[PDB]
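Heads up: the sequence shown begins at 32 in the deposited numbering, then just goes up one per residue. Encoded as structure tokens, the structure appears first; notes follow it.
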Amino acid sequence: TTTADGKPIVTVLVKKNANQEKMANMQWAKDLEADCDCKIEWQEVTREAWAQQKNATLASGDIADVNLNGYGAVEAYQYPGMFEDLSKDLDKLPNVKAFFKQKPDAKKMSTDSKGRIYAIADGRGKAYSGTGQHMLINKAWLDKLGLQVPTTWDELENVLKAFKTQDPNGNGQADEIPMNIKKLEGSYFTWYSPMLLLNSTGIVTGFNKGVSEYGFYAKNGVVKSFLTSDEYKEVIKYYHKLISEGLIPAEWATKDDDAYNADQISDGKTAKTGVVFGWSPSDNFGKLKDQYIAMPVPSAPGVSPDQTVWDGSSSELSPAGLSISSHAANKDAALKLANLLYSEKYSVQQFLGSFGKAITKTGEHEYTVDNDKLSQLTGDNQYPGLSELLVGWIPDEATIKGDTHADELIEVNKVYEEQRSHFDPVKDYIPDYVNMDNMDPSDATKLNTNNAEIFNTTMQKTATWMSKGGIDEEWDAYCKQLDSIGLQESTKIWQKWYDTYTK
Ligand SMILES: [Mg+2]
């Protein structure tokens, strides 16, 4: 557990994206080792490789000293005595204390109801504080056709019929896809889900992560499932009207993500798609980006602009970034390494790569990204850091120039500030620190068991209703069936955890 020079050896498991450079080639990782005065043995695992390797490792009983995006806190309860309770070590983690002070939601994410800290959250910076979900529309097409951004479901339908029939890309072909939507996944609502139209009805979604991807929401302090809501039924009928009218592709429900995205990107010369949910004009439309803007979501019938909401997610904080083995050979070195990961120097470098590579430090808290370089490195599968898999935090005092992914986010998020102000982030949104990873293992187990029954046929039935109709007839039996297999139990369990963390 010790070098020849007597430096402590620290094993560190680290989850990676496939497009990333190896830890051994990252200068910041060597700097970190030198600052810690230890030897780091990196164990690099991709998102997909880890999914197979994980439970085998916990069953094994043999975990790395420091673990980056390896485990969540509930696992410390599933395998007693495996993980260090970091709440007893905060004096050795001044950078973590600083993180908790500036971002109290990260403290709450990191601390369970017993006050223990088994897995510390991470943050990507205030530039990512808004939602990752947006609704994008071809503004050039609207201009060309002499139409306004629609503000109701009826106006939206009229705009889509105009996209369908008036050839707004000018090529003479009836090739326009008025609105394109992602297929449903079997077990959760996805990023950019067509169910983002729930916000039209006054129900706040949070599809970046957490509870609302299983169909839960809150209003006035009471947790509900939208799976059995009139609102969910109205969204599905509205989609059926659109699909039935040829305004969304017939084959949407079976179309793979790659083909779906290629629809929007087209050939980079002729725009094909009028409306999608997505990140940004640039991310979703590439070279065609100048034709597109983000729009506020249209209101559903009976729903006032004041009552119309937008997705309540934040892209900044992420739970379960850092965990430390209770059996760490060199515990003090482990803590020293973890504290350094949460310093600005190493948090920024984890995020955007080593200084001098694709990012330069221009001041004490100021950095400039060289975008050509970052894109080239990414293309070559040599991204110089951990990017969104950073375990650390970008402090508010840091100003980063040239993070295009952040800059585009900032611009589209301006569009949603009004609608997002229309809900209470506590009473009308189940906060991100209320998640299955912050519960008793017995409660998590119930929720997972129920989820397998709830999402046995729900997405399939939802897709079929959207495509083929028939919801009115089948709705009552569908709801009773969901309630009979544990939906109301799940709702009650989420209510309890919501109240524990919130009330
Ligand atoms: Mg055309």
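The beta-carbon is built from N, C-alpha and C at its ideal position, and this holds for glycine as well.
Consider the C-beta atom of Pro199 and the heavy atoms of ligand 1; say whether any pair is separated by less than 8 Å.
Distances taken from the Cβ of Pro199 to the heavy atoms of ligand 1 include one shorter than 8 Å.
Please classify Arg78 as buried or exposed, where buried requires at least 16 other C-beta atoms within 10 Å of its C-beta.
So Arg78 ends up on the exposed side.
How many Å lie between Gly309 and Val180 at the Cα?
Approximately 17 Å between the Cα atoms of the pair.
For a test of the three-state rule: what should DSSP assign to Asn86, helix, strand or coil?
In the three-state reduction of the DSSP assignment, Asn86 falls in the helix class, which pools H, G and I.
Could you give the C-beta distance for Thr522 and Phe316, rounded to a whole number, given that I count them as a contact under 8 Å?
About 39 Å separates the two Cβ atoms, so there is no contact after all.
Would you check if the stretch 442 to 452 and the stretch 326 to 338 touch, i.e. whether three or more CB-CB distances between them fall below 8 Å?
Cβ pair count under 8 Å is three or more, so yes.
When the Cβ atoms of the stretch 332 to 342 are set against those of the stretch 192 to 203, are three or more pairs found closer than 8 Å?
The stretch 332 to 342 is not in contact with the stretch 192 to 203.
Going by C-alpha distance, which of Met470, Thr480 and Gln491 is nearest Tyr529?
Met470 is the residue among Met470, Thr480 and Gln491 whose C-alpha sits nearest the C-alpha of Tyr529.
Pick from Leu173, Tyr460, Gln84 and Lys139: whose alpha carbon is nearest that of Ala302?
Nearest Cα to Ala302 within the set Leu173, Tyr460, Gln84 and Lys139: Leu173.
Member of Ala508, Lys213 and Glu375 whose CA lies at the smallest distance from the CA of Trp222
Among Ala508, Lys213 and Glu375, the Cα nearest to that of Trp222 is on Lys213.
Top-ranked residue by Cα proximity to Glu262, from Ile441, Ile234 and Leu124
Answer by Cα proximity: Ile234.
Runs of 3 residues minimum, wholly inside the stretch 69 to 134: which ones carry the beta strand (DSSP E) assignment?
Runs of the beta strand (DSSP E) lying entirely within the stretch 69 to 134 and spanning at least 3 residues, in chain order: 70 to 77 and 97 to 99.
Below 8 Å, is the gap between the Cβ of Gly203 and the nearest heavy atom of ligand 1?
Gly203: yes, Cβ under 8 Å from ligand 1.
Endpoints, the beta strand (DSSP E) within which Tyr398 is located
For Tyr398, the enclosing beta strand (DSSP E) has its first and last residue at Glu397 to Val400.
Pick from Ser354, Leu366 and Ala249 that is closest to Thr142, judged by C-alpha positions
Minimum Cα distance to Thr142 is reached at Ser354.
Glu207 Cβ short of 8 Å to ligand 1 heavy atom set:
Result yes, Cβ under 8 Å from ligand 1.
Straight-line CA distance for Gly433 to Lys272?
Rounded to the nearest whole angstrom, the C-alpha separation of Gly433 and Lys272 is 43 Å.
Report the option in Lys157, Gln491, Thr285 and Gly203 whose CA atom is closest to the CA atom of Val379.
Among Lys157, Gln491, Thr285 and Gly203, the Cα nearest to that of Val379 is on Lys157.
Are the stretch 119 to 128 and the stretch 380 to 395 touching, with three or more C-beta to C-beta distances below 8 Å?
As far as the Cβ criterion goes, the stretch 119 to 128 does not touch the stretch 380 to 395, which means the pair count is below three.
What's the call for residue 549, buried or exposed, on a 16-neighbour Cβ count within 10 Å?
This structure leaves residue 549 out entirely; the chain is present only between 32 and 534.
Grab me the residues of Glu244's own chain with a C-beta within less than 7 Å of its C-beta, minus the 5 sequence neighbours each way, in chain order.
The answer, listed in chain order, is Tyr219, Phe220 and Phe238.
For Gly333, count neighbouring C-beta atoms within 10 Å of its own C-beta (all shown protein chains included) and say buried if the count is 16 or more, exposed if not.
Exposed, because fewer than 16 other Cβ atoms sit within 10 Å of the Cβ of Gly333.
State the start and end residues of the unbroken alpha helix (DSSP H) segment that holds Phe308.
For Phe308, there is no enclosing alpha helix (DSSP H); the enclosing beta strand (DSSP E) covers residues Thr304 to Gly309.
Would the stretch 460 to 470 and the stretch 419 to 427 be scored as touching if the rule is three or more Cβ pairs under 8 Å?
With a cut-off of 8 Å on Cβ pairs, the stretch 460 to 470 is not in contact with the stretch 419 to 427, counting fewer than three such pairs.
Straight-line Cα distance separating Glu375 from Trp424
Approximately 7 Å, taken between the alpha carbons.
Where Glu428 falls, given that 16 or more other Cβ within 10 Å makes a residue buried:
Result: exposed.
Using the beta-carbon count (16 or more within 10 Å), is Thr34 buried or exposed?
Result: exposed.
Residue environment, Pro336, which counts as buried when at least 16 other CB atoms sit within 10 Å:
With fewer than 16 other Cβ atoms within 10 Å, it is exposed.
What residue does the alpha helix (DSSP H) around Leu353 start on, and which one ends it?
Taken as a continuous stretch (DSSP letters only), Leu353 belongs to no alpha helix (DSSP H), being part of the beta strand (DSSP E) at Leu348 to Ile355.
Taking all protein chains shown into account, do 16 or more other C-beta atoms lie within 10 angstroms of the C-beta of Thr304, making it buried, or fewer, making it exposed?
If you draw a 10 Å sphere on the C-beta of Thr304, you find 16 or more other C-beta atoms in it, and that means buried.
Decide if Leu117 is buried, meaning its Cβ has at least 16 other Cβ atoms within 10 Å, or exposed.
Buried, since its Cβ has 16 or more Cβ neighbours within 10 Å.
Under the rule that 16 or more other beta-carbon atoms within 10 Å means buried, what is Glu397, buried or exposed?
Counting the other CB atoms within 10 Å of its CB gives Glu397 a total below 16, which places it among the exposed residues.
Straight-line gap, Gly101 to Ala152 (C-alpha atoms, nearest Å)
Near 12 Å, if we compare the C-alpha coordinates of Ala152 and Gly101.
Neighbourhood of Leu99 by C-beta distance below 7 Å, restricted to the same chain and skipping five residues each side:
In chain order, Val43, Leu44, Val45, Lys46, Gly352, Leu353 and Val422 place their CB closer than 7 Å to the CB of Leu99, counting only its own chain and leaving out the 5 sequence neighbours on each side.
CA-to-CA distance, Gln512 to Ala150, given in whole angstroms:
Taking the straight line from one Cα to the other gives about 37 Å.
Would you mind listing the alpha helix (DSSP H) stretches within the stretch 138 to 207 that are 4+ residues and don't spill past its ends, in chain order?
Correct list: 170 to 176 and 184 to 196.
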